[PDB]
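What follows is the content of run-v8.cif, which has mmCIF, C-alpha atoms:
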data_protein
loop_
_atom_site.label_atom_id
_atom_site.label_comp_id
_atom_site.auth_asym_id
_atom_site.auth_seq_id
_atom_site.Cartn_x
_atom_site.Cartn_y
_atom_site.Cartn_z
CA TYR B 142 35.99 -11.17 32.71
CA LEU B 143 33.25 -11.46 30.08
CA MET B 144 35.96 -11.23 27.41
CA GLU B 145 37.66 -14.50 28.32
CA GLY B 146 35.72 -17.68 29.13
CA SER B 147 35.43 -16.79 32.84
CA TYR B 148 31.78 -16.94 33.94
CA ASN B 149 32.03 -17.87 37.60
CA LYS B 150 34.23 -14.91 38.48
CA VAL B 151 31.58 -12.84 36.68
CA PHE B 152 28.94 -14.14 39.08
CA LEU B 153 31.31 -13.75 41.99
CA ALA B 154 31.03 -10.09 41.00
CA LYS B 155 27.29 -10.68 41.20
CA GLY B 156 28.07 -11.40 44.84
CA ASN B 157 30.03 -8.12 44.89
CA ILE B 158 27.90 -5.13 43.99
CA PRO B 159 29.27 -2.35 46.23
CA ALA B 160 28.01 1.04 45.04
CA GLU B 161 24.27 1.06 44.25
CA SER B 162 21.72 -1.61 43.33
CA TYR B 163 22.83 -2.25 39.67
CA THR B 164 19.71 -4.42 39.41
CA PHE B 165 18.43 -3.83 35.86
CA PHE B 166 21.94 -4.13 34.42
CA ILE B 167 22.90 -7.47 35.94
CA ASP B 168 19.47 -8.86 35.04
CA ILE B 169 20.12 -8.03 31.40
CA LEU B 170 23.57 -9.48 32.10
CA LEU B 171 21.69 -12.60 33.17
CA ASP B 172 19.82 -12.78 29.84
CA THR B 173 22.85 -12.22 27.60
CA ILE B 174 24.57 -15.05 29.52
CA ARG B 175 21.50 -17.33 29.31
CA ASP B 176 21.65 -17.60 25.52
CA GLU B 177 25.46 -17.66 25.67
CA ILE B 178 25.57 -20.91 27.65
CA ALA B 179 22.67 -22.10 25.48
CA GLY B 180 25.10 -21.10 22.75
CA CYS B 181 27.99 -22.91 24.43
CA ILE B 182 26.01 -26.05 25.22
CA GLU B 183 26.16 -26.53 21.44
CA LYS B 184 29.89 -27.38 21.24
CA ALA B 185 31.21 -30.87 20.71
CA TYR B 186 30.08 -32.45 23.97
CA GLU B 187 29.22 -36.01 24.98
CA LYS B 188 26.12 -37.13 26.90
CA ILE B 189 25.39 -34.81 29.79
CA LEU B 190 22.93 -36.01 32.42
CA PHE B 191 20.15 -33.80 33.79
CA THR B 192 22.30 -32.49 36.66
CA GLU B 193 25.60 -31.23 35.23
CA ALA B 194 24.51 -28.85 32.47
CA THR B 195 21.33 -28.36 34.47
CA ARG B 196 23.43 -26.37 36.96
CA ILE B 197 25.95 -24.70 34.64
CA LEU B 198 23.74 -21.64 34.37
CA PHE B 199 22.06 -21.52 37.81
CA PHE B 200 18.92 -23.59 37.88
CA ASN B 201 18.00 -26.50 40.15
CA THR B 202 15.20 -28.29 38.14
CA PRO B 203 12.49 -26.03 36.64
CA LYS B 204 10.91 -26.53 33.21
CA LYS B 205 13.28 -23.81 31.95
CA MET B 206 15.63 -26.56 30.73
CA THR B 207 12.96 -27.84 28.32
CA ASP B 208 12.59 -24.24 27.15
CA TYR B 209 16.25 -24.57 26.11
CA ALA B 210 16.14 -28.28 25.18
CA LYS B 211 13.37 -27.61 22.65
CA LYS B 212 14.89 -24.33 21.46
CA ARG B 213 18.11 -25.98 20.23
CA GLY B 214 19.00 -29.66 19.87
CA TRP B 215 20.62 -32.03 22.41
CA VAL B 216 17.40 -33.97 22.64
CA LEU B 217 15.48 -34.63 25.87
CA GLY B 218 15.98 -38.33 26.55
CA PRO B 219 16.81 -40.82 29.30
CA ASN B 220 18.97 -38.40 31.31
CA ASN B 221 20.82 -37.49 28.15
CA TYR B 222 21.82 -34.67 25.76
CA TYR B 223 22.26 -36.22 22.30
CA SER B 224 25.29 -35.09 20.30
CA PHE B 225 24.83 -34.04 16.66
CA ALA B 226 28.54 -33.57 15.92
CA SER B 227 28.37 -34.65 12.28
CA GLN B 228 30.37 -31.90 10.40
CA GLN B 229 30.63 -34.18 7.36
CA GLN B 230 28.77 -32.56 4.44
CA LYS B 231 30.97 -29.59 3.39
CA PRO B 232 34.46 -30.97 2.28
CA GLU B 233 35.85 -32.34 -1.01
CA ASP B 234 35.42 -29.25 -3.18
CA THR B 235 37.39 -29.12 -6.41
CA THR B 236 34.69 -27.04 -8.12
CA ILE B 237 34.85 -23.96 -5.85
CA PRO B 238 38.59 -23.64 -6.61
CA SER B 239 38.06 -24.54 -10.27
CA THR B 240 35.73 -21.59 -10.83
CA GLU B 241 37.82 -19.13 -8.82
CA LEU B 242 41.30 -20.22 -9.88
CA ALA B 243 40.46 -20.29 -13.59
CA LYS B 244 39.55 -16.66 -13.09
CA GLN B 245 42.82 -16.00 -11.23
CA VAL B 246 45.11 -17.77 -13.70
CA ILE B 247 43.92 -15.57 -16.56
CA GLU B 248 44.27 -12.63 -14.15
CA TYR B 249 47.92 -13.63 -13.80
CA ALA B 250 48.32 -13.54 -17.59
CA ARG B 251 46.78 -10.06 -17.82
CA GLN B 252 49.61 -8.43 -15.87
CA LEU B 253 52.17 -10.75 -17.44
CA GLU B 254 52.09 -10.19 -21.19
CA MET B 255 49.78 -7.28 -21.99
CA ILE B 256 51.64 -4.01 -21.55
CA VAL B 257 49.92 -1.61 -19.17
CA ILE U 157 60.02 -11.59 -59.25
CA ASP U 158 60.41 -8.35 -61.30
CA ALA U 159 58.74 -9.01 -64.68
CA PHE U 160 60.42 -7.41 -67.70
CA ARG U 161 59.86 -6.56 -71.35
CA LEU U 162 62.35 -5.65 -74.10
CA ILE U 163 63.13 -2.23 -75.49
CA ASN U 164 64.45 -1.74 -79.02
CA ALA U 165 68.22 -1.64 -79.39
CA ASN U 166 67.57 0.52 -82.47
CA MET U 167 66.57 3.36 -80.14
CA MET U 168 69.65 2.51 -78.06
CA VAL U 169 71.61 3.39 -81.21
CA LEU U 170 69.60 6.63 -81.52
CA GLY U 171 70.48 7.59 -77.95
CA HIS U 172 66.78 8.34 -77.50
CA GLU U 173 65.18 7.63 -74.13
CA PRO U 174 61.95 5.64 -74.54
CA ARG U 175 58.68 5.01 -72.74
CA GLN U 176 57.58 8.66 -72.12
CA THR U 177 56.89 8.80 -68.36
CA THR U 178 53.38 10.18 -67.78
CA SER U 179 52.48 8.81 -64.32
CA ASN U 180 54.05 8.90 -60.87
CA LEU U 181 54.09 5.12 -60.55
CA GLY U 182 57.11 3.71 -62.39
CA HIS U 183 60.15 4.99 -60.49
CA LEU U 184 59.04 3.52 -57.16
CA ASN U 185 61.04 0.29 -56.91
CA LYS U 186 64.76 0.60 -57.39
CA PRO U 187 66.68 -1.98 -59.45
CA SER U 188 69.51 -4.02 -58.02
CA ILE U 189 73.04 -3.19 -59.08
CA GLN U 190 73.55 -6.78 -60.30
CA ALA U 191 70.61 -6.53 -62.69
CA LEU U 192 72.01 -3.13 -63.68
CA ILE U 193 75.32 -4.80 -64.60
CA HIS U 194 73.26 -6.82 -67.09
CA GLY U 195 71.03 -5.50 -69.90
CA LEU U 196 68.96 -3.20 -67.68
CA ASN U 197 68.62 -0.56 -68.70
CA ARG U 198 69.88 -0.82 -72.27
CA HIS U 199 67.60 -3.48 -73.79
CA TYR U 200 64.66 -3.98 -71.42
CA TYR U 201 62.75 -2.37 -68.56
CA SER U 202 61.12 -3.31 -65.25
CA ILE U 203 57.39 -3.38 -64.45
CA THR U 204 55.73 -2.71 -61.12
CA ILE U 205 53.25 -5.44 -60.18
CA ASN U 206 50.91 -6.39 -57.36
CA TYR U 207 48.56 -9.26 -56.54
CA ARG U 208 44.83 -9.75 -57.14
CA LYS U 209 43.44 -10.68 -53.74
CA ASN U 210 39.86 -11.63 -52.90
CA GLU U 211 37.69 -13.32 -50.26
CA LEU U 212 37.18 -16.00 -52.93
CA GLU U 213 40.74 -17.04 -52.09
CA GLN U 214 42.24 -14.90 -49.29
CA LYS U 215 39.78 -16.06 -46.66
CA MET U 216 40.25 -19.71 -47.58
CA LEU U 217 44.01 -20.02 -47.35
CA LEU U 218 44.19 -18.23 -43.97
CA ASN U 219 41.34 -20.21 -42.41
CA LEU U 220 42.55 -23.51 -43.91
CA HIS U 221 46.31 -23.77 -43.38
CA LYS U 222 47.36 -23.37 -39.74
CA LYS U 223 44.57 -25.18 -37.89
CA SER U 224 44.51 -27.90 -35.24
CA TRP U 225 41.86 -29.74 -33.21
CA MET U 226 42.99 -31.21 -29.89
CA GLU U 227 46.35 -29.53 -29.35
CA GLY U 228 45.41 -27.71 -26.18
CA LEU U 229 42.35 -29.49 -24.77
CA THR U 230 44.83 -32.22 -23.79
CA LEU U 231 47.31 -32.49 -20.94
CA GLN U 232 51.05 -32.92 -21.41
CA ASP U 233 52.93 -35.98 -20.04
CA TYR U 234 51.75 -35.36 -16.52
CA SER U 235 54.54 -37.14 -14.65
CA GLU U 236 57.16 -35.44 -16.82
CA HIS U 237 55.89 -31.86 -16.99
CA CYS U 238 56.61 -31.48 -13.28
CA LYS U 239 59.85 -33.35 -14.00
CA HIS U 240 60.62 -30.83 -16.74
CA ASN U 241 59.91 -28.17 -14.09
CA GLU U 242 63.20 -29.29 -12.53
CA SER U 243 65.16 -29.95 -15.75
CA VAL U 244 65.32 -26.16 -16.23
CA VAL U 245 65.39 -24.89 -12.64
CA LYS U 246 68.45 -26.96 -11.67
CA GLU U 247 70.87 -25.20 -14.01
CA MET U 248 68.90 -21.99 -13.44
CA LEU U 249 70.50 -22.01 -9.97
CA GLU U 250 74.04 -21.99 -11.34
CA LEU U 251 73.00 -19.62 -14.11
CA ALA U 252 71.89 -17.32 -11.30
CA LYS U 253 75.25 -17.97 -9.64
CA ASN U 254 76.74 -16.36 -12.74
CA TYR U 255 74.17 -13.63 -12.08
CA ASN U 256 75.53 -13.73 -8.52
CA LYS U 257 78.89 -13.09 -10.24
CA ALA U 258 78.64 -10.65 -13.15
CA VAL U 259 76.94 -7.74 -11.36
CA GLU U 260 79.68 -7.95 -8.71
CA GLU U 261 82.33 -7.00 -11.28
CA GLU U 262 80.54 -3.74 -12.06
CA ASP U 263 81.55 -0.25 -10.97
CA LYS U 264 84.48 -1.23 -13.20
CA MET U 265 85.82 -0.83 -16.73
CA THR U 266 83.22 1.27 -18.67
CA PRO U 267 80.50 -1.24 -19.69
CA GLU U 268 80.78 -0.49 -23.40
CA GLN U 269 83.89 -2.60 -22.81
CA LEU U 270 81.50 -5.13 -21.20
CA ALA U 271 79.91 -5.63 -24.64
CA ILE U 272 82.92 -6.41 -26.83
CA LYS U 273 84.67 -8.48 -24.15
CA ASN U 274 81.82 -10.88 -23.34
CA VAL U 275 81.44 -12.34 -26.84
CA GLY U 276 83.30 -15.56 -26.09
CA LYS U 277 81.01 -16.80 -23.35
CA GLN U 278 77.35 -16.55 -22.40
CA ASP U 279 76.17 -13.81 -20.16
CA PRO U 280 73.82 -14.55 -17.27
CA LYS U 281 71.63 -11.48 -17.70
CA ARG U 282 70.02 -12.20 -21.07
CA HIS U 283 69.98 -15.97 -20.52
CA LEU U 284 68.47 -15.52 -17.05
CA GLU U 285 65.25 -13.95 -18.37
CA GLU U 286 65.16 -16.54 -21.17
CA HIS U 287 64.01 -19.43 -19.00
CA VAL U 288 61.63 -17.25 -16.97
CA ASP U 289 59.40 -16.97 -20.03
CA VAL U 290 59.77 -20.72 -20.58
CA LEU U 291 59.17 -21.63 -16.92
CA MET U 292 56.04 -19.46 -17.00
CA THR U 293 54.11 -20.42 -20.13
CA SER U 294 54.86 -24.11 -19.64
CA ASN U 295 53.21 -23.84 -16.23
CA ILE U 296 50.39 -21.33 -16.70
CA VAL U 297 49.05 -23.16 -19.76
CA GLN U 298 49.27 -26.60 -18.15
CA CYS U 299 47.70 -25.39 -14.91
CA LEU U 300 44.79 -23.62 -16.62
CA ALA U 301 44.01 -26.39 -19.11
CA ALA U 302 43.80 -28.92 -16.28
CA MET U 303 41.37 -26.77 -14.30
CA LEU U 304 38.80 -26.61 -17.08
CA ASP U 305 38.42 -30.37 -17.43
CA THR U 306 37.40 -30.51 -13.78
CA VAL U 307 34.42 -28.28 -14.63
CA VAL U 308 33.52 -29.57 -18.08
CA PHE U 309 34.05 -33.31 -17.59
CA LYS U 310 31.51 -33.98 -14.80
#
Now that the file is in, can you turn its structure into structure tokens?
Amino acid sequence: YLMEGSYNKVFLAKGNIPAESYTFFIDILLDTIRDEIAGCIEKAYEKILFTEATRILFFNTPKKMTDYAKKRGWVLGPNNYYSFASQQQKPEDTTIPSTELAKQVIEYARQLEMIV
Amino acid sequence: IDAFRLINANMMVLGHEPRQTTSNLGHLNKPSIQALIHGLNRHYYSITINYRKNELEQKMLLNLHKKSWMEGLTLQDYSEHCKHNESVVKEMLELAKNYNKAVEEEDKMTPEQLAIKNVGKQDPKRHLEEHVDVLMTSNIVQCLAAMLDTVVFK
């Protein structure tokens, strides 16, 4: 269930611990899910108010959200998570091909004319 | 070229053989039969020659004759090079159809016969690797020379 996106069925299994306590393992399983949603809050989202993504992990309203809102972006504002979905700087590269391909074109001519 | 010099016809009357060979350098080049029909060798002889060569001259006819300046830092009729990349490939289909023909008449009459017989018309097989060299160097040169001007010119 951790392999696919399913998170709620994971914590339905945190309502289902049958054998022994499993306490220290699911509490590490808390922490590796805490940064994961703090990782997956960083996708291309819109404004989220301070209720919706406030409760996607577990929490009601502690200052733990500011511990995540100042760790990454999505700036603390008027009931808002600000979206920095720019993804604009990297394209329009002729140069990165023009170094690599000029290598490759001569590499074509090596095993084309010179007998090996 | 074959420079010559006379021998006396008086010693031709004597029957005496001149010039007294004392070095292993004369009888290296053989005369033609047509010059042997003429007065060689009854009135004149041949001389072996070579050429005086020096950096004074040899360096400055090599590095002066076949030289160019822009023939290669330039592109080549950019709308028509790709057009010429169809002016060959179009008949290269039907020339491969002949190559989709001539192999099919093998396991047949002893292909030494397939040398004398095919002298009226063009074979696919030799002509089919002819354009492959042409369709390569026309492309690989023109692709590489374009991709340096992207780097060098800004």
Practice task
Select all residues from chain B having any atom no more than 7 Å from an atom of chain U (counting all atoms listed in the file, ignoring ligands), output as a list in words.
Solution key: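 Within 7 Å of chain U on chain B, we get residues 236, 239, 243 and 246 of chain B.
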Practice task
Could you tell me which residues the PyMOL selection byres ((chain B and resi 181) around 12) returns for this structure, as a list in words?
Solution key: residues 146, 148, 174, 175, 176, 177, 178, 179, 180, 182, 183, 184, 185, 186, 194, 197, 198, 209, 213 and 215 of chain B
Problem - Coordinates-based distance that separates CA of residue 201 (chain B) from CA of residue 225 (chain B) (Å, one decimal) - result: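 Atom-to-atom, CA of residue 225 (chain B) and CA of residue 201 (chain B) are spaced 25.6 Å apart.
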Running the PyMOL selection byres ((chain B and resi 189) around 10) on this model by hand, what would come out? Give it as a CSV table (one decimal) with C-alpha atoms, in the coordinates of the input.
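Result file follows (out.csv):
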chain,number,residue,atom,x,y,z
B,182,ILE,CA,26.0,-26.0,25.2
B,186,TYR,CA,30.1,-32.4,24.0
B,187,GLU,CA,29.2,-36.0,25.0
B,188,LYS,CA,26.1,-37.1,26.9
B,190,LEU,CA,22.9,-36.0,32.4
B,191,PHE,CA,20.2,-33.8,33.8
B,192,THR,CA,22.3,-32.5,36.7
B,193,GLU,CA,25.6,-31.2,35.2
B,194,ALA,CA,24.5,-28.8,32.5
B,195,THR,CA,21.3,-28.4,34.5
B,215,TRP,CA,20.6,-32.0,22.4
B,220,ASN,CA,19.0,-38.4,31.3
B,221,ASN,CA,20.8,-37.5,28.2
B,222,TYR,CA,21.8,-34.7,25.8
B,223,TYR,CA,22.3,-36.2,22.3
B,224,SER,CA,25.3,-35.1,20.3
Exercise for the section: Go ahead and compute the interatomic distance for CA of residue 201 (chain U) and CA of residue 174 (chain U), in Å to one decimal. Expected result: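 Between CA of residue 201 (chain U) and CA of residue 174 (chain U) the gap is 10.0 Å.
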Exercise for the section: Measure the distance from CA of residue 203 (chain B) to CA of residue 217 (chain B) in Å and round it to one decimal. Expected result: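 If I compute the distance from CA of residue 203 (chain B) to CA of residue 217 (chain B), I get 14.1 Å.
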Problem - Residue neighbourhood region 237-242 of chain U, 9 Å, only C-alpha atoms, exclusion window fewer than 5 positions, as a VMD selection string - result: chain U and resid 232 247 291 294 to 295 298
Exercise for the section: Run the PyMOL selection byres ((chain U and resi 165) around 12) on the file and write out the hits as a count of residues only. Expected result: 18
Practice task
For region 249-251 of chain U, work out the shell of residues within 8 Å, counting all atoms listed in the file and skipping chain neighbours fewer than 3 positions away, then give it as a list in words.
Solution key: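 My reading of the contact set: residues 245, 246, 254, 255, 280, 283 and 284 of chain U.
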